[PDB]
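Going down the list, the protein sequences come from chains D, U, H, 5, 2, X and 9. Numbering-wise, the first sequence is residues 61 to 296 according to the entry's author numbering. Numbering-wise, the second sequence is residues 2 to 112 according to the entry's author numbering. Numbering-wise, the third sequence is residues 53 to 147 according to the entry's author numbering. Numbering-wise, the fourth sequence is residues 31 to 128 according to the entry's author numbering. Numbering-wise, the fifth sequence is residues 47 to 92 according to the entry's author numbering. Numbering-wise, the sixth sequence is residues 2 to 244 according to the entry's author numbering. Numbering-wise, the seventh sequence is residues 15 to 103, 118 to 137 according to the entry's author numbering. We put the beta carbon where it would ideally sit given N, CA and C, even for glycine. Presented below is the structure to which this report refers.
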Amino acid sequence: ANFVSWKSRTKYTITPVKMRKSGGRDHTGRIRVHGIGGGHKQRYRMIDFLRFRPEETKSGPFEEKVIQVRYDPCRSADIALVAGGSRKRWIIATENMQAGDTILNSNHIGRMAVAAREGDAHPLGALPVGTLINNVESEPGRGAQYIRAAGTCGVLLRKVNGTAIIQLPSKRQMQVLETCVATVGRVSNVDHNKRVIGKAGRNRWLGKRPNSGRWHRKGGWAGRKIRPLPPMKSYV
Amino acid sequence: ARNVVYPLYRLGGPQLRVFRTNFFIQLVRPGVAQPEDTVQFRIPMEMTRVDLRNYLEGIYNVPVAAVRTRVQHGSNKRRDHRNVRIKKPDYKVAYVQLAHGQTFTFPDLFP
Amino acid sequence: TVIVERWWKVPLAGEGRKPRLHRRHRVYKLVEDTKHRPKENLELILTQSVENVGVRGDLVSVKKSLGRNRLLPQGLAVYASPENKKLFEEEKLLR
Amino acid sequence: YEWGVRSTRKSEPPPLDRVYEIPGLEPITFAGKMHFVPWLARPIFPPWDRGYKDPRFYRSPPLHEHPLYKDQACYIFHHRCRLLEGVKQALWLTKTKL
Amino acid sequence: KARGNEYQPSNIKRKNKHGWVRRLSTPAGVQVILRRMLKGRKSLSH
Amino acid sequence: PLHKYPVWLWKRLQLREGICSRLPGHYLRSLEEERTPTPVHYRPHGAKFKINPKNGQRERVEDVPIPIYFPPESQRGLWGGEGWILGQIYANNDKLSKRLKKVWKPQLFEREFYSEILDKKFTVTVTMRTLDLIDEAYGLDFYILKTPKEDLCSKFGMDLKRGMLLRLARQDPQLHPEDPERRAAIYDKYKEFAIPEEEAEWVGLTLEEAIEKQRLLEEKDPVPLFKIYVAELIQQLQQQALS
Amino acid sequence: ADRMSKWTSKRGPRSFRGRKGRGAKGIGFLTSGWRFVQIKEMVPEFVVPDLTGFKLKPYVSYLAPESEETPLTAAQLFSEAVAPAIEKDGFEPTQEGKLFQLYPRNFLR
RNA sequence: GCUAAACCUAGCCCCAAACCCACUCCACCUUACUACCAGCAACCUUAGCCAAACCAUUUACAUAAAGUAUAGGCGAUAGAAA
RNA sequence: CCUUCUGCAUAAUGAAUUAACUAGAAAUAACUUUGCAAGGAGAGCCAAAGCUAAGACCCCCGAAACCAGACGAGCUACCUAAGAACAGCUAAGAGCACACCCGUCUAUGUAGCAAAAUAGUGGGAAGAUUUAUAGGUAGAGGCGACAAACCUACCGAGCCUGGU
RNA sequence: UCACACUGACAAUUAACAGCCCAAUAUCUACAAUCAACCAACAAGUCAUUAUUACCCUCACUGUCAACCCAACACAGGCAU
Ligand SMILES: [Mg+2]
Ligand SMILES: [Mg+2]
Ligand SMILES: [Mg+2]
Ligand SMILES: [Mg+2]
Ligand SMILES: [Mg+2]
Ligand SMILES: [Mg+2]
Ligand SMILES: [Mg+2]
Ligand SMILES: [Mg+2]
Ligand SMILES: [Mg+2]
Ligand SMILES: [Mg+2]
Ligand SMILES: [Mg+2]
Ligand SMILES: [Mg+2]
Ligand SMILES: [Mg+2]
Ligand SMILES: [Mg+2]
Ligand SMILES: [Mg+2]
Ligand SMILES: [Mg+2]
Ligand SMILES: [Mg+2]
Ligand SMILES: [Mg+2]
Ligand SMILES: [Mg+2]
Numbered sequence: 061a062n063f064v065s066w067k068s069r070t071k072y073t074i075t076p077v078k079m080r081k082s083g084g085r086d087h088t089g090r091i092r093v094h095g096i097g098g099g100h101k102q103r104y105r106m107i108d109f110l111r112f113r114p115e116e117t118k119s120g121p122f123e124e125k126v127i128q129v130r131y132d133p134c135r136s137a138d139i140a141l142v143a144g145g146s147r148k149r150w151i152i153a154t155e156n157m158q159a160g161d162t163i164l165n166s167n168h169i170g171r172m173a174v175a176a177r178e179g180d181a182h183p184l185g186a187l188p189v190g191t192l193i194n195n196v197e198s199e200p201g202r203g204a205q206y207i208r209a210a211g212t213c214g215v216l217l218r219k220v221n222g223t224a225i226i227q228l229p230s231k232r233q234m235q236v237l238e239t240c241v242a243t244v245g246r247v248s249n250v251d252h253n254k255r256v257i258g259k260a261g262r263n264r265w266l267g268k269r270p271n272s273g274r275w276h277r278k279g280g281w282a283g284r285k286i287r288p289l290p291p292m293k294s295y296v
Numbered sequence: 002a003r004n005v006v007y008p009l010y011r012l013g014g015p016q017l018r019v020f021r022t023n024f025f026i027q028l029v030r031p032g033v034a035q036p037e038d039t040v041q042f043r044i045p046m047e048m049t050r051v052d053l054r055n056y057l058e059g060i061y062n063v064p065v066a067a068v069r070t071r072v073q074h075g076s077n078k079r080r081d082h083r084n085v086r087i088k089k090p091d092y093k094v095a096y097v098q099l100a101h102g103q104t105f106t107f108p109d110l111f112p
Numbered sequence: 053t054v055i056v057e058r059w060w061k062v063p064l065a066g067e068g069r070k071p072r073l074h075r076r077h078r079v080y081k082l083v084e085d086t087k088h089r090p091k092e093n094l095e096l097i098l099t100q101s102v103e104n105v106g107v108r109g110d111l112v113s114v115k116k117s118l119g120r121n122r123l124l125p126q127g128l129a130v131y132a133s134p135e136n137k138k139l140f141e142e143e144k145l146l147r
Numbered sequence: 031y032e033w034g035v036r037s038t039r040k041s042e043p044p045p046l047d048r049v050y051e052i053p054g055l056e057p058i059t060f061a062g063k064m065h066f067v068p069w070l071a072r073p074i075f076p077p078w079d080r081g082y083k084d085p086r087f088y089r090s091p092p093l094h095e096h097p098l099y100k101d102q103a104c105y106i107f108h109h110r111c112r113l114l115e116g117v118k119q120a121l122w123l124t125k126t127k128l
Numbered sequence: 047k048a049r050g051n052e053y054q055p056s057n058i059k060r061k062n063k064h065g066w067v068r069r070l071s072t073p074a075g076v077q078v079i080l081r082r083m084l085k086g087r088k089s090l091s092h
Numbered sequence: 002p003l004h005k006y007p008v009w010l011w012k013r014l015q016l017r018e019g020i021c022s023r024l025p026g027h028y029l030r031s032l033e034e035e036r037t038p039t040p041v042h043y044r045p046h047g048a049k050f051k052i053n054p055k056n057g058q059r060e061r062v063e064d065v066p067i068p069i070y071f072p073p074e075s076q077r078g079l080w081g082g083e084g085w086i087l088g089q090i091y092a093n094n095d096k097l098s099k100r101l102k103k104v105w106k107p108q109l110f111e112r113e114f115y116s117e118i119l120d121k122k123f124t125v126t127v128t129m130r131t132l133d134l135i136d137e138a139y140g141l142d143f144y145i146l147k148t149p150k151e152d153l154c155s156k157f158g159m160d161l162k163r164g165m166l167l168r169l170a171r172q173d174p175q176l177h178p179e180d181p182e183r184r185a186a187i188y189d190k191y192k193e194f195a196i197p198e199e200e201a202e203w204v205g206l207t208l209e210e211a212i213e214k215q216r217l218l219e220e221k222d223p224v225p226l227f228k229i230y231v232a233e234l235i236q237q238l239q240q241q242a243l244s
Numbered sequence: 015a016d017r018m019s020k021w022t023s024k025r026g027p028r029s030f031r032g033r034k035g036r037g038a039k040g041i042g043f044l045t046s047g048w049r050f051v052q053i054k055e056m057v058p059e060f061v062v063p064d065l066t067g068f069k070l071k072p073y074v075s076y077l078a079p080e081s082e083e084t085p086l087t088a089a090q091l092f093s094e095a096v097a098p099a100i101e102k103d118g119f120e121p122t123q124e125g126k127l128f129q130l131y132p133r134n135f136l137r
């Protein structure tokens, strides 16, 4: 049962790391998820989800600059490498983010609102009410996890004390701390859901095996469940 | 020596001396028309090329200059009344080439 | 522990002999358990006046949880043994 | 996000035997024997250091011990150094007109 | 088609599957070798 | 053919054979003892006779112990006398229903302890029965010293007992200087037991551990024959000079 | 796929044949891009003495006398080399820094 | 009369007694039969066929006491001790 | 000839011959002549003529099959890493067509060359294709573009060990 | 002794063909292949180092045959570059 995960790279490297496909196999060898395997070879690029993170002997804010906008095969949304200071770091690309643009990365919660561009990022405590955001973190210094696909974008509802309720794209309310960082605008790669596959060739190239042939009899879970919105889940 | 544990030379060790030679060798007559200088030998299974060269140059004092050894497999297609195959002893063959144009011809025996 | 009872009885195997059990005897029955029982209050001689639960030198019946968490580890109480009991009685008499 | 993955990193060694926490007897370990043993306790060997220096198996010291280790990190440049901006960076580093 | 050729020759796969090391790596191969020795076979492993 | 000795005697045969024969006697006696432990997962019978119902007559009755099972976690920690009971139970406590197996499990915790002999805090996984036994036996050291070897069912506890016995015998400094009266009082508190150092070194050790200790004791190195020959020559010279 | 044939360097594929071999005792090591270096120290140097003036032959004559066998042991050697031991009225305790050590076979035959 | 049958010694089984073997040279845990270099390894109720015409309870792997007391959809069967 | 059978040379089971091997073995209770007798028996057991005890009744081969443990991806299904293959003609998981992957029909055979073959007629042949090397997924399961198909020639669920 | 590849002894094959492999401390590997130069994209991709420490002992080992493998065989069956 030899199964070593290719995810072996402590140092954040910029080169495309050789991605060894899995095909739905675990450490034992049995399939636990059907519909994975048989696709085109890819190379994963170490993405820097954590937007705010100063370099060596640094602390205060620091500007950035866009160089190029490339495509990522490991996800639906494209990426764009951005260089900041004496180092580089792959990050998610936003809509209308051409090469050479300037991206501001700060963390000081200003007294009033700050007119954020379509690429920069500021703490929720300095964002106007009702603004589309993405790559929201869970806890201070954790890392971006929510709203990271193509076209997804959550709008800011309101702020209560040192917290902020974020309306996720799934019409679900999430209370996140005000000191957390989060980008603004919507993710690049617009009109992705309308991308017609056309033929099973591309589906197999993407790495998705055909569904099973068993005629599963639709039980009770097949009916439409008009459920209401769930309660607001906080992280405080 | 053959079938004898060898020492473990680290780095600053002394020269490996070999006293009382164990392995042996024996030449034969070529059967495929060899040049007028090469001399065949039956190197055992526990001996290299430089080892044989040094052994010769030390005991027989033959001016050895070039050697080319190879492994020969003995025929195993021989069964007895029990239907048990007989594996022949596999021996290493050599082809030592003399220097200074000595030209060593195989003498005829049993006239 | 868990007090469990056996089934089918044992046919007795002499005096100095081991009884050869069987799978039929492996079937046990839960008759009782150390838990679900009215807990007991052990006796502990306190060495300091901590709250109104006891007095310096006097003995009381404190709960096992507290007696093992805050009294015994912190050295604020001693087990109800006959060794230190005589010393405590002598100290009280000397007072 | 911490890059490393616990499965890829070096596996954590097993917990030390509970016999060494007793001050202070001689824990009967398998040190007397020259092979792994399942029963008995596990000893704690010292850090072995080779006496002679073997070029084929030589370990270099760390960065904290060197003959000319300087504190001011100087940035070197070679043929492999692929610039980012382009000619403007070279002009700025050289201080020359184009 | 002709299914009579069910054996594909290969020394690497043979030594990796029925190898002495792979056998001793688990008590399965240990017991197999012990049984083969108790029986008296000349060849224990491949 | 048949065997000269039974199958359940090869252990004693190997013990009396060679290396195991050179072992001390105080350890072999304790190993061969093998007494019954105290009941745990079953209530013992009062007297040997209880007079069963139905028929007004007496009949001898005994208390058979449970086979129990000691996993490595029990040997690693200090467990009283409980363990893993791999039994079976019926559906609704009736033999007319279905038969199914069951693997009872004990309750484990993680409390701290303090030993006055060794003076060191340990974080062992203690249970409820062990804590109750400790409370009944006053201190933890007294409980460890009063418990034999079979009723303890664990290696760490036996090692702790051996260490305590060695400390009591050697009388070595356990609290460093500046505390002589306290050390003397702690030593006098456990005046009982007091096993010699020669015997305390083989308490709680297993068979393999005892074999290793015996092999390491009389290990040494072979004496060169040159010294023996020189001694013989000196003796011969002395004998010749005396005559 | 026979089970009786002795596994040698004439069975496995290219890789196995290249890695395996006969018990010829290697000389040096291998480093760099396939660059085998020969160490003169590990090379077996045969110390051959001079045979000039050797009045011995590999065959003994039949006119020699017959004598009993006397297994030479440590006691016999000590008895033979007993002159200084008696004259006193030559031994190494540790041979760690010795060239031709006894117990650890550092020499060859 | 051609093909074909006749030969006891090798050896084995049942018992008594007694507790048996394991370094001529070298390799033997990696691709055993390989001289030569930086890692975690074991402590787990046996089950089931069968019988009870099926089976879900249950079913075994010195002498006498005695197949007695007992258990057993109180039955096939199990089963001692003083 | 044997016998299932009211009933077989029947056109019902079986059989070319000889060789050796191969198929009735125990209890409680009875028959029994011996030895003794209100006692019998080499303790213990029986007793309103019994006890002791030798002899004497009660076979073989043939299934479907699970349980615990080893062997299985070297043929077959899927996955993983690095390679190879696809002429030519008209111009996009385009068309014909080499090599190659698959096998709708014809005719030979079913002890055949072959426990799945031979010649033509066929679909694909720049892609969801074929393939050289190694590793991983194994039965109370794995895999499955589902044939409830395949897992070393017989898989509605394999083989071998003991319970057979 | 279809017919005479069946027995005992005789020795080739010589490596330069491919393997037998790189001592470490830390740091650089984003601008595909498709004559790659125009166009043209999607399945987003197959080849590269830095300063230092220490090292200048060097050509050993494995197969080099044949009418050959896997299917009970001297089998109209399968085998890549
Ligand atoms: Mg679907
Ligand atoms: Mg469907
Ligand atoms: Mg009895
Ligand atoms: Mg039945
Ligand atoms: Mg008849
Ligand atoms: Mg009829
Ligand atoms: Mg007729
Ligand atoms: Mg008929
Ligand atoms: Mg019939
Ligand atoms: Mg019929
Ligand atoms: Mg017929
Ligand atoms: Mg079934
Ligand atoms: Mg495969
Ligand atoms: Mg096409
Ligand atoms: Mg076509
Ligand atoms: Mg269907
Ligand atoms: Mg049968
Ligand atoms: Mg050739
Ligand atoms: Mg065939």
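{"Item": "Where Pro188 (chain D) falls: helix, strand or coil (DSSP)", "Value": "coil"}
{"Item": "Alpha helix (DSSP H) segment containing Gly75 (chain 2), residue limits", "Value": "73-85"}
{"Item": "Alpha carbon of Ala2 (chain U) to alpha carbon of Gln16 (chain U), nearest angstrom", "Value": "15 Å"}
{"Item": "Residue interval of the beta strand (DSSP E) (run including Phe157 (chain X))", "Value": "No beta strand (DSSP E) holds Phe157 (chain X); the alpha helix (DSSP H) holding it covers 156-171."}
{"Item": "C-alpha distance - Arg23 (chain X) paired with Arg216 (chain X), whole-angstrom precision", "Value": "10 Å"}
{"Item": "beta-carbon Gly54 (chain 5) near ligand 3 non-hydrogen atom, thresh 8 Å", "Value": "no"}
{"Item": "Proximal residues to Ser136 (chain D) (C-beta, below 8 Å), its chain only, five neighbours per side dropped", "Value": "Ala209, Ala210, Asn249, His252"}
{"Item": "Every unbroken beta strand (DSSP E) inside the region 64-145 of chain H [3 residues or more]", "Value": "95-98, 111-113, 129-131"}
{"Item": "For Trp122 (chain 5), three-class secondary structure by DSSP", "Value": "helix"}
{"Item": "DSSP three-state assignment for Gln239 (chain X), whether helix, strand or coil", "Value": "helix"}
{"Item": "Euclidean distance between Cα positions of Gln77 (chain 2) and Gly86 (chain 2)", "Value": "14 Å"}
{"Item": "C-beta neighbour in chain 2 for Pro27 (chain 9), strict 9 Å", "Value": "yes"}
{"Item": "Residues within the region 28-51 of chain 9 neighbouring chain U, beta-carbon criterion of under 7 Å", "Value": "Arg36, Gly37, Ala38, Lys39, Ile41"}
{"Item": "9 Å Cβ cutoff, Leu243 (chain X) in contact with chain 9", "Value": "no"}
{"Item": "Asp108 (chain D) (DSSP reduced to helix, strand or coil)", "Value": "coil"}
{"Item": "Residues bridged to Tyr206 (chain D) [DSSP beta-bridge criterion]", "Value": "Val196 (chain D)"}
{"Item": "In chain order, each beta strand (DSSP E) run of at least 3 residues that lies wholly inside the region 82-119 of chain X", "Value": "86-91, 100-105, 112-115"}
{"Item": "Identity of the residue in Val65 (chain U), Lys89 (chain U), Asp52 (chain U), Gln41 (chain U) nearest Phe24 (chain U) by Cα", "Value": "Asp52 (chain U)"}
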